[PDB]
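Since the structure comes first, as structure tokens, the remarks are kept for the end.
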Amino acid sequence: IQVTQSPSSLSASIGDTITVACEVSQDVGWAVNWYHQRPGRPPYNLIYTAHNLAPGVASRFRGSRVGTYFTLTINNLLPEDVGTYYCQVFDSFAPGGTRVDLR
Amino acid sequence: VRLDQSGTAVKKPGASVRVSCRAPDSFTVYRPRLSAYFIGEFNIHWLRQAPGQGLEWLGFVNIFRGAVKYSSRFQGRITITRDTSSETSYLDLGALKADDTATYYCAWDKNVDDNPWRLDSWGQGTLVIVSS
Amino acid sequence: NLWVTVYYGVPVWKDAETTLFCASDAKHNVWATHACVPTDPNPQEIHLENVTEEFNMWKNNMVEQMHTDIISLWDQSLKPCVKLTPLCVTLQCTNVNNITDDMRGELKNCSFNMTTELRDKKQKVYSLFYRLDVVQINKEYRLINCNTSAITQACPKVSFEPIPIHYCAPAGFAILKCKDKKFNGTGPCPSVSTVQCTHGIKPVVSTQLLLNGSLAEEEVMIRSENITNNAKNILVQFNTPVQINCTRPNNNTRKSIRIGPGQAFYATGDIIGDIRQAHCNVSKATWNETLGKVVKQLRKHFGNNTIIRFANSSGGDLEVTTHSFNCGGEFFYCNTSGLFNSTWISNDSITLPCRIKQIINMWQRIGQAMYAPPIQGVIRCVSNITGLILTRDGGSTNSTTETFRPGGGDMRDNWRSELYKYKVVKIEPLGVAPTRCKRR
Amino acid sequence: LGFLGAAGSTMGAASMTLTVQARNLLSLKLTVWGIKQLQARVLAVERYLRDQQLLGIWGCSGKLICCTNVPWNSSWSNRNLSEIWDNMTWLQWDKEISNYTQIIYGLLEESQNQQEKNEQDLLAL
Amino acid sequence: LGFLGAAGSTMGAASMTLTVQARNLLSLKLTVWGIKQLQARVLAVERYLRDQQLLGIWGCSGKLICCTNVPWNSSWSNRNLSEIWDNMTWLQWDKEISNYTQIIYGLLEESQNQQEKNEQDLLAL
Amino acid sequence: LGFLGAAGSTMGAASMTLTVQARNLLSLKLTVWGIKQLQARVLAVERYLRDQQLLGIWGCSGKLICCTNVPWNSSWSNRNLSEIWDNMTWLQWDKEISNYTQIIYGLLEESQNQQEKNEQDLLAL
Ligand SMILES: *[C@@H]1O[C@H](CO)[C@@H](O[C@@H]2O[C@H](CO)[C@@H](O[C@@H]3O[C@H](CO[C@H]4O[C@H](CO)[C@@H](O)[C@H](O)[C@@H]4O)[C@@H](O)[C@H](O[C@H]4O[C@H](CO)[C@@H](O)[C@H](O)[C@@H]4O)[C@@H]3O)[C@H](O)[C@H]2NC(C)=O)[C@H](O)[C@H]1NC(C)=O
Ligand SMILES: *[C@@H]1O[C@H](CO)[C@@H](O[C@@H]2O[C@H](CO)[C@@H](O[C@@H]3O[C@H](CO)[C@@H](O)[C@H](O)[C@@H]3O)[C@H](O)[C@H]2NC(C)=O)[C@H](O)[C@H]1NC(C)=O
Ligand SMILES: *[C@@H]1O[C@H](CO)[C@@H](O[C@@H]2O[C@H](CO)[C@@H](O)[C@H](O)[C@H]2NC(C)=O)[C@H](O)[C@H]1NC(C)=O
Ligand SMILES: *[C@@H]1O[C@H](CO)[C@@H](O[C@@H]2O[C@H](CO)[C@@H](O)[C@H](O)[C@H]2NC(C)=O)[C@H](O)[C@H]1NC(C)=O
Ligand SMILES: *[C@@H]1O[C@H](CO)[C@@H](O[C@@H]2O[C@H](CO)[C@@H](O)[C@H](O)[C@H]2NC(C)=O)[C@H](O)[C@H]1NC(C)=O
Ligand SMILES: *[C@@H]1O[C@H](CO)[C@@H](O[C@@H]2O[C@H](CO)[C@@H](O)[C@H](O)[C@H]2NC(C)=O)[C@H](O)[C@H]1NC(C)=O
Ligand SMILES: *[C@@H]1O[C@H](CO)[C@@H](O[C@@H]2O[C@H](CO)[C@@H](O)[C@H](O)[C@H]2NC(C)=O)[C@H](O)[C@H]1NC(C)=O
Ligand SMILES: *[C@@H]1O[C@H](CO)[C@@H](O[C@@H]2O[C@H](CO)[C@@H](O)[C@H](O)[C@H]2NC(C)=O)[C@H](O)[C@H]1NC(C)=O
Ligand SMILES: *[C@@H]1O[C@H](CO)[C@@H](O[C@@H]2O[C@H](CO)[C@@H](O)[C@H](O)[C@H]2NC(C)=O)[C@H](O)[C@H]1NC(C)=O
Ligand SMILES: *[C@@H]1O[C@H](CO)[C@@H](O[C@@H]2O[C@H](CO)[C@@H](O)[C@H](O)[C@H]2NC(C)=O)[C@H](O)[C@H]1NC(C)=O
Ligand SMILES: *[C@@H]1O[C@H](CO)[C@@H](O[C@@H]2O[C@H](CO)[C@@H](O)[C@H](O)[C@H]2NC(C)=O)[C@H](O)[C@H]1NC(C)=O
Ligand SMILES: *[C@@H]1O[C@H](CO)[C@@H](O)[C@H](O)[C@H]1NC(C)=O
Ligand SMILES: *[C@@H]1O[C@H](CO)[C@@H](O)[C@H](O)[C@H]1NC(C)=O
Ligand SMILES: *[C@@H]1O[C@H](CO)[C@@H](O)[C@H](O)[C@H]1NC(C)=O
Ligand SMILES: *[C@@H]1O[C@H](CO)[C@@H](O)[C@H](O)[C@H]1NC(C)=O
């Protein structure tokens, strides 16, 4: 089960809106999780099953599935959200991830 | 749940490394029907991250009966176990190469049917360095 | 012009969950069959037509309910039995005589100082224990479960042999049974028939091979939830049984030890005759043919040009790595590497070594552990074998050689095979329809 | 036939053999089996009694088929009578009315009560 | 009289004292006495409900005695009315017709359902 | 309104909202809470069954308000009809006739039995 993530990296200023795309070569249903890792910090879940918020995460992240395409909307970005986002499916993990930093 | 982890480690190539992840007061659940404590069916996943690149999945241990399952390309050199009495999980990685140096995370999975492969709580991460 | 009218006795059902009761047709046994209401000799099975119902074996409530029910039966059965707290004492253990090369240190001759009838004088008493049941500190050994959980000895009178039990929903409820032989795990089942009681369900206890199960009516069947998932166990159901014997050739003799005023503990006394390893015999040709059938039916889910490799268990506790099952009253843990060794690509009988444990803690419960009583004489138990619990190991996308190993462990997956074709429905005998009538 | 025999059949066949399943709506220590069976039996009696309550409040006690005096509001289902009674089985009909039961139930009881009151006022003369 | 008072009496007396012996068909820890009492009460309720449902199927609910629409086949019994109602006790009659009970019950059930369907069809006008 | 809404109201007002409060007459291991809940459920069912049977014996099963055939002896209460139907509440009326309650039940039962026997005799011809 191959999993790819786009874009490799992206940047946005404070308070903007961003999206991250995850493409799965197979139809894995809604079982998609996304994980955010701040630099020098173990990652913590924020969205599970691709449309239900994790415990203790702000509501500015909203997931969405369109077929094999998966993405979530990040609104009103604030500068504690700079880090690396990874989309994981089943056993596989997205190589690289997406680095988000302010410009 | 709190996931304490062992301290940083340095080993030599070709040796073995042992990493311990502790999850106190989380191996047992309540079965209100019988009204007795049981060992939960949670999965202790193990993840690794090389410096610079994204995370990778080594294996997981279902602690109900010590069932395990490793990744394909690590098989034959990684052994995963847990101790229910100590409520801990042990990763034993053998024959480390130069490229195996990295930070290892232990992850907790409630093994809920609705949410497959979900990790809630993560350990502080143990950095293991291999060199001569 | 139209008016509503109610219709009692309407044939309308809904999905629901409700407690169901046992029913078996007639010695005390661990399943309280003496408490089950007797079942009628001829169940009034009713075929249906033109009716399609969605079935979801993996979200079925019956399996979880019956697992809880079995746990309760087990706990309540062993509750009024002799305690074994005093056995947690220092043991002087020596290696045991006429033993082959497969019993080097397996059996330990352990003596202790259990109290006599009156609780004032100690008496030196010897017994035999299996090496998996002692821990070192001649040398000193202690019972393995003497620092984690208390031990209770099952009463020797009650038997653990599985006995078929029929599940009957209460009045106003029905059990829908899917007769579609090609019906896989989840989906609509066009040929569904109602019934009041389930067929003979044997609450067997096994981990890797579904002993004494129910056979599929057509070619071997594979079932899974999200078979793409690695974790989800891959249920198998054989069309044709694979005979298996799994006997113990020793002749251990029981001995009673008075550990208190009335409470007696049974210990493995002297063994008459020599000592040989317990083994399982499987006819190689039949197992090979069954594996060929299962790989033929398994290639469908992955492709015709894929490679399937059967490997032994990955590892873990003794009850998962080896095939663990009850027989006659003795628990067996049998090396299964002999079977899952093939590498399928596009007369003689195989023998599996076995070991015997006496402390059993299935459905791990923090605080209690059963001491299996010894069984006198040789024990033989022919078993049919009906299904396997395989799990697909992960694989890098570059390669196309899927490896299957006999995992399992959880008894819910074990029991989902026996209730794979059953559902519970609540009848709703009230309905409203338009009609030309108009009540006076 | 037998219990739930016409479950998949059309409206007409089911509406002719109700009583085959109406009659099958009703058919020691404190161990696990004992308490389980007792709860099952009590629950079955309670469900049948709630059903009897709903039937009695509509003034159709003891009748498998009874008629009412309220209009069939087309907002529920404005479909042709013949196609309803010759095409759709009871299950699909329920799946197309399940959203609209409570209201009609209430209507029934209200009408019934009103009717009873009126009847009483008629009989006092 | 009282409960079961007319048990030895003939048909004439018994068929007029139904209510007096139908009035008494229905009248906390987990101790042995407690569980026995609870099971007894549930059993009484279940028996009453079974009888009442059987009455309701034959369209005679709420009536002590009701008339039906199927005739008395002489195969069941050839005894004439007069000696039946002035000569033998209820228990004797029950023992005489006990082994014929299921088929006559089925006959009443089918006839009541058919009569209800016919009445509905007639009322459709 | 809802359950018990018009309890303190007049007979005239309360005698038209029977259904709204008659509808609400019917609405695990062996732990203390479980056994208490089970006992409560079976007790509620038993009480309702007693009341329903008492309705059924007087030939009013399935009727919220039924008319009878037993005369109202003025010894029970000689008050004018309009007075008791326009001023009192139901609680006061029940308190007034509390001690005159078994006698009227017996009279009702005998009257219904006699009426049923007469109806059967008439239906014979
Ligand atoms: C899968 O299903 C198969 C069914 O074929 C099970 O096989 C049964 O296993 C049980 C467990 O051992 C067997 O029970 C034993 O049978 C012995 C043979 O009994 C026969 O022969 C004697 C004369 O020698 C007759 O008197 C008797 O009536 C039988 O005709 C018995 O000797 C054993 O006795 C022991 O238990 C009894 C209580 O049951 C004690 O009183 C005795 O003292 C002694 O301790 C025992 O009864 C059984 O025979 C097997 N076959 C059948 C057809 O039942 C598998 O066990 C099962 N596997 C799993 C995993 O569930
Ligand atoms: C486990 O260990 C116990 C303890 O040694 C064994 O029981 C003992 O077996 C010996 C066998 O020689 C008994 O010796 C006796 O010797 C006399 C003559 O000295 C002889 O007449 C007797 O017939 C018997 O052979 C001994 O009494 C007996 N008990 C004790 C307390 O020592 C037991 O056999 C061992 N079991 C196994 C399976 O090895
Ligand atoms: C694998 O699992 C997923 C979810 O665990 C299934 O996706 C469906 O998700 C919706 C979400 O609203 C549920 O309502 C459905 O019940 C799910 N389907 C099933 C069959 O359970 C997905 O279908 C599963 N199978 C595959 C092949 O992806
Ligand atoms: C109970 O006793 C057992 C037996 O000694 C303990 O298990 C051993 O623990 C040591 C601790 O370092 C390990 O080295 C051994 O490998 C363990 N033995 C086995 C067979 O696994 C266990 O830890 C004790 N439990 C408690 C709570 O004290
Ligand atoms: C079990 O059979 C059902 C039959 O409907 C399968 O459900 C669909 O089957 C069609 C074709 O057979 C597929 O195109 C759909 O993708 C299936 N839907 C879902 C939700 O699975 C079902 O897939 C079968 N399951 C297994 C494990 O074989
Ligand atoms: C297994 O041991 C038992 C117990 O001794 C044997 O049963 C009896 O053994 C005694 C001697 O120990 C003999 O005298 C009896 O004749 C035996 N009873 C019989 C044969 O019914 C039993 O024979 C032993 N099993 C084997 C295979 O030898
Ligand atoms: C299981 O199979 C083994 C195969 O070796 C059997 O062992 C032989 O059994 C015969 C029976 O008379 C003996 O003569 C031999 O000495 C045994 N060993 C060997 C190496 O042949 C064993 O008996 C079988 N057991 C069951 C229960 O089927
Ligand atoms: C398992 O044991 C059974 C019973 O001992 C074996 O079945 C019998 O085997 C013998 C020896 O060939 C035959 O004569 C019998 O006809 C077989 N059936 C019965 C009912 O006795 C069976 O072969 C064994 N399984 C193996 C060795 O794999
Ligand atoms: C599964 O098979 C492997 C080899 O095919 C077994 O590995 C051997 O394990 C024993 C002790 O467990 C060692 O002494 C050997 O050196 C191992 N050899 C190899 C090649 O790994 C493994 O034990 C088997 N597991 C089970 C549960 O049967
Ligand atoms: C289970 O059976 C396998 C069969 O291969 C055993 O593996 C062999 O064990 C012997 C020890 O008697 C070693 O000398 C061999 O090197 C092993 N071979 C392989 C391929 O592993 C194994 O020991 C048995 N027991 C367990 C627990 O797996
Ligand atoms: C299932 O459907 C079939 C066809 O939809 C039903 O067959 C009808 O049977 C009646 C009884 O003789 C005929 O009058 C009709 O003409 C048949 N239908 C057609 C289209 O010809 C059948 O009755 C339905 N029910 C069952 C239980 O099979
Ligand atoms: C099993 O059968 C296959 C062909 O069906 C054959 O190639 C193989 O040698 C047989 N034996 C084993 C142990 O696989
Ligand atoms: C095993 O399967 C066969 C298949 O016909 C069946 O006859 C038998 O009863 C089953 N059980 C045993 C113990 O043989
Ligand atoms: C008992 O039988 C006699 C027969 O002469 C009858 O007169 C009497 O009434 C019977 N007893 C009762 C209580 O009916
Ligand atoms: C209470 O008393 C007032 C006084 O007239 C009356 O209008 C009303 O209907 C009575 N009942 C309720 C429920 O308010």
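Any read-out appearing in this document is the output of simple, stated calculations on the displayed coordinates, not a laboratory observation. Cβ coordinates were reconstructed from backbone atoms using ideal geometry, including for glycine residues, and neighbour counts include every protein chain displayed.
Taking the criterion of being among the hydroxyl-bearing types (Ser, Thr, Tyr) and buried (at least 19 other Cβ atoms within 10 Å of the Cβ), the residues of segment C:31-62 that qualify are C:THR33, C:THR39.
Could you check segment C:265-294 and list, in sequence order, the residues that are of a type in the set (A, V, I, L, M) and surrounded by 15 or more Cβ atoms within 10 Å (Cβ to Cβ)? Selection gives C:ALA267, C:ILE271, C:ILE275, C:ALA278, C:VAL282, C:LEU291, C:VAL294.
Would a scan of segment B:86-96 turn up a residue that is surrounded by fewer than 20 Cβ atoms within 10 Å (Cβ to Cβ), facing another protein chain (nearest Cβ under 7 Å) and in a strand (DSSP E or B)? Scanning segment B:86-96 turns up no residue that is surrounded by fewer than 20 Cβ atoms within 10 Å (Cβ to Cβ), facing another protein chain (nearest Cβ under 7 Å) and in a strand (DSSP E or B). Scanning segment A:25-46 for residues that are more than 9 Å from chain B (Cβ to nearest Cβ) and of a type in the set (D, E, K, R) yields a total of 2.
Among residues of segment C:269-282 being in a strand (DSSP E or B) and not charged (D, E, K, R), the one that is farthest from ligand 3 (Cβ to nearest atom) is C:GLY269. Candidates in segment D:83-99 are the residues that are more than 18 Å from C:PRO429 (Cβ to Cβ) and either within 14 Å of chain F (Cβ to nearest Cβ) or surrounded by fewer than 13 Cβ atoms within 10 Å (Cβ to Cβ) (or both); of these, the one that is nearest to the chain's Cα centre (by Cα) is D:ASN99. For segment C:309-321, the criterion of being away from chain B (no Cβ under 14 Å) and more than 16 Å from ligand 10 (Cβ to nearest atom) is met by no residue.
Within segment D:10-40, the residues that satisfy the criterion of being in a loop (DSSP other than H, G, I, E, B) and within 21 Å of E:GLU116 (Cα to Cα) are D:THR10, D:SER15, D:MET16, D:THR17, D:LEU18, D:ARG23, D:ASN24, D:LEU25. Can you tell me which residue within segment C:181-233, out of those that are among the hydroxyl-bearing types (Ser, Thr, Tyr), away from ligand 11 (no atom under 16 Å from the Cβ) and under 30 Å from D:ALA44 (Cβ atoms), is farthest from the chain's Cα centre (by Cα)? Among them, the one singled out is C:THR186.
Considering segment D:42-79, the residues that are hydroxyl-bearing (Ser, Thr, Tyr) and under 12 Å from the mean Cα position of the chain (by Cα) include one that is farthest from E:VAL45 (Cα to Cα), namely D:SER61.
Of the residues making up segment D:81-125, those that are assigned to a helix (DSSP H, G or I), within 14 Å of D:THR10 (Cβ to Cβ) and of a type in the set (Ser, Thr, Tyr) number 1.
Applying the set (1) within 16 Å of ligand 10 (Cβ to nearest atom); (2) within 9 Å of another protein chain (Cβ to nearest Cβ) to B:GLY76 leaves exactly one unmet item: (2). Of the residues making up segment B:76-85, those that are more than 14 Å from ligand 9 (Cβ to nearest atom) and crowded, with 17+ Cβ neighbours inside 10 Å number 3. For B:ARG65, the criteria (1) among the basic types (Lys, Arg); (2) more than 7 Å from every other protein chain (Cβ to nearest Cβ); (3) surrounded by 20 or more Cβ atoms within 10 Å (Cβ to Cβ) hold in every case but one, which is (2). How about segment C:57-94: which of its residues are within 11 Å of another protein chain (Cβ to nearest Cβ) and within 16 Å of ligand 3 (Cβ to nearest atom)? The answer is C:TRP58, C:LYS59.
Residue pairs whose Cβ atoms lie under 6 Å apart, sitting 6 or more positions apart in sequence or on different chains, and linking a residue in segment C:173-186 that is away from ligand 15 (no atom under 16 Å from the Cβ) to a partner that is among the basic types (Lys, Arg) and assigned to a loop (DSSP other than H, G, I, E, B), are C:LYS177/C:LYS421; C:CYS178/C:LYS421. D:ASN69 meets each of the listed conditions (1) surrounded by 15 or more Cβ atoms within 10 Å (Cβ to Cβ); (2) facing another protein chain (nearest Cβ under 9 Å); (3) over 23 Å from E:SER61 (Cα atoms) apart from (3). For C:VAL432, indicate whether it is more than 16 Å from ligand 5 (Cβ to nearest atom), of a type in the set (A, V, I, L, M, F, W, C), over 18 Å from the mean Cα position of the chain (by Cα) and crowded, with 19+ Cβ neighbours inside 10 Å. For C:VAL432, the condition - more than 16 Å from ligand 5 (Cβ to nearest atom), of a type in the set (A, V, I, L, M, F, W, C), over 18 Å from the mean Cα position of the chain (by Cα) and crowded, with 19+ Cβ neighbours inside 10 Å - is met.
Out of all the residues in segment C:283-302, is one or more in a loop (DSSP other than H, G, I, E, B), more than 16 Å from ligand 6 (Cβ to nearest atom) and either of a type in the set (D, E, K, R) or over 20 Å from C:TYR130 (Cα atoms) (or both)? There is at least one residue in segment C:283-302 that is in a loop (DSSP other than H, G, I, E, B), more than 16 Å from ligand 6 (Cβ to nearest atom) and either of a type in the set (D, E, K, R) or over 20 Å from C:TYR130 (Cα atoms) (or both).
Pairs are defined by a Cβ separation below 7 Å, a sequence spacing of at least 6 or placement on different chains, a first member in segment B:103-127 that is more than 9 Å from every other protein chain (Cβ to nearest Cβ) and farther than 18 Å from B:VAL17 by Cα, and a second member that is of a type in the set (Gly, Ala, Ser) and surrounded by 17 or more Cβ atoms within 10 Å (Cβ to Cβ); the pairs so defined are B:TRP108/B:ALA23; B:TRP108/B:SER121.
For residues in segment B:58-101 being more than 21 Å from B:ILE129 (Cα to Cα) and among the aliphatic types (A, V, I, L, M), which is nearest to the chain's Cα centre (by Cα)? So the residue we want is B:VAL61.
Just the residues that are closer than 16 Å to F:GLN115 by Cα and not hydroxyl-bearing (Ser, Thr, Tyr), please, taken from segment F:54-95. Within segment F:54-95, F:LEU55, F:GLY56, F:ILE57, F:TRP58, F:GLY59, F:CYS60, F:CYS66, F:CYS67, F:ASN69, F:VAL70, F:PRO71 meet the criteria. Within segment D:53-66, is there a residue that is polar (S, T, N, Q) and in a loop (DSSP other than H, G, I, E, B)? Within segment D:53-66, one or more residues are polar (S, T, N, Q) and in a loop (DSSP other than H, G, I, E, B). The condition (being of a type outside the set (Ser, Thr, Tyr) and touching a helix residue (DSSP H, G or I) at 6+ places or on another chain (Cβ under 8 Å)) is satisfied by just one residue among C:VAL89, C:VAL82, C:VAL10: C:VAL10.
Condition check ((1) of a type in the set (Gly, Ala, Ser); (2) closer than 17 Å to C:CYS437 by Cα; (3) at the interface with another protein chain (Cβ under 9 Å from one of its Cβ atoms); (4) surrounded by 17 or more Cβ atoms within 10 Å (Cβ to Cβ)) across all residues:
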| site | (1), (2), (3), (4) |
| --- | --- |
| D:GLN37 | no, no, yes, yes |
| D:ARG50 | no, no, yes, no |
| D:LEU81 | no, yes, yes, no |
| D:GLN112 | no, yes, yes, yes |
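The listed residues are E:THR31, E:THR19, and the only one of them that is of a type in the set (S, T, N, Q), more than 16 Å from ligand 15 (Cβ to nearest atom) and surrounded by 12 or more Cβ atoms within 10 Å (Cβ to Cβ) turns out to be E:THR19. For segment B:53-70, the condition of being assigned to a loop (DSSP other than H, G, I, E, B) and among the hydroxyl-bearing types (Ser, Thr, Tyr) holds for none of the residues.
Which one is farthest from ligand 3 (Cβ to nearest atom), of the residues in segment C:377-396 that are surrounded by fewer than 16 Cβ atoms within 10 Å (Cβ to Cβ) and more than 10 Å from chain B (Cβ to nearest Cβ)? By that ranking, first place goes to C:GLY377.
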